[PDB]
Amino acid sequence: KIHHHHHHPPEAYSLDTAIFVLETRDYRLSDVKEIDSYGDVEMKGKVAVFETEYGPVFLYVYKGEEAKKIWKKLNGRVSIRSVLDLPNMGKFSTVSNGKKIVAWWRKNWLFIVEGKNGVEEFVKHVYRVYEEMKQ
């Protein structure tokens, strides 16, 4: 492995635990729902809402072998966009009707974070929690 630590859980880790481990006194889980799609893009996963000092932030999570395929469909679906697209990982950031959206994939994980406020701060939190885990 080039990285023993990265911004996603280990490949064996539970999708549910990947959500629940993010909760702190400053990031309070308020909702969890299974999903089949993100808009018009098929994506069998879950979405969680965290209440933060900035307001609610939404985290969409997918675990599986099609993370890249889905992320590419998402990236192809806003006025402005920034995209890093590598063979084995990707990240984009965009804005849609006031909401910041950041979406990334690596290995068997795809995450989307969206919200009116506090998205970058929440993403950094997610990075920090996952980075501590051993791949």
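For every residue, the number given is its place in the sequence shown, counted from 1.
In the deposited entry, the stretch joining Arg77 to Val78 is interrupted by 1 to 3 residues of the deposited sequence lacking coordinates. Judged by mean Cα B factor in the deposited record, 68-76 ranks above the other of 28-36 and 68-76. Remark: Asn108 belongs to the middle third of its chain, ranked by C-alpha B-factor as recorded. Remark: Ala12 belongs to the highest third of its chain, ranked by C-alpha B-factor as recorded. Among all modelled residues in its chain, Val123 ranks in the middle third by Cα B-factor. Among all modelled residues in its chain, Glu51 ranks in the middle third by Cα B-factor. Among all modelled residues in this chain, the alpha-carbon of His6 has a temperature factor (C-alpha) in the lowest third.
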